[PDB]
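Encoded as structure tokens, the structure appears first; notes follow it.
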Number of protein chains: 2
Amino acid sequence: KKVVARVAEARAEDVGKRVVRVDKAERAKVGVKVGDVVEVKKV
Amino acid sequence: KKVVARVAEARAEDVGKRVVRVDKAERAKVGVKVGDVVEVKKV
């Protein structure tokens, strides 16, 4: 269905874990900043 | 609008960068594995 998540800053602890990278240009495209709620959906 | 991205494994280089964490249970909920295309949308 969909995942409700938050944009975060990757920490040392996150290495090796699954993530979706969102760079600054992608963040400007969708209008998000660290801490914002986003929806992650399979294509 | 929306961001088209891929589930990845966070590397050492990703520390300090913005990401959306998707743990195994979230991955089972949406049906994704590392390498899969997902859409990231602002709420």
Residue B:29 label points, 7 Å along Cα→Cβ, one per copy: pairwise distances from this copy to the rest in nm, shortest first?
-> 2.4
May I ask for the Kirkwood hydrodynamic radius of the protein assembly as shown, worked out over all distinct Cα pairs and given in angstroms to one decimal?
-> 12.5
Using a label position 7 Å from Cα in the Cα→Cβ direction, what is the ascending list of nm distances from residue A:2 to the same site in the other copies?
-> 0.9
Take the cross-link list A:29/B:24; A:41/B:24; A:24/B:29 and give me the ones stretching past 24 Å between alpha-carbons.
-> A:29/B:24; A:24/B:29
As computed over chain A, the Cα convex hull volume per residue (Å³) | 92
With +1 on the Cβ of every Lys and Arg and -1 on the Cβ of every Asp and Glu, the dipole magnitude of chain B about its Cα centre, in debye rounded to the nearest 20, is 240
So if we plug the beta-carbon distance of residue A:34 and residue B:33 into 1/(1 + (r/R0)^6) with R0 = 41 Å, what FRET efficiency do we get, rounded to 0.05?
-> 0.95
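In this analysis, Cβ positions are derived from the backbone assuming ideal geometry, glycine residues included, and neighbour counts consider all displayed protein chains. FYI, it's all coordinate maths here, none of it is from the lab.
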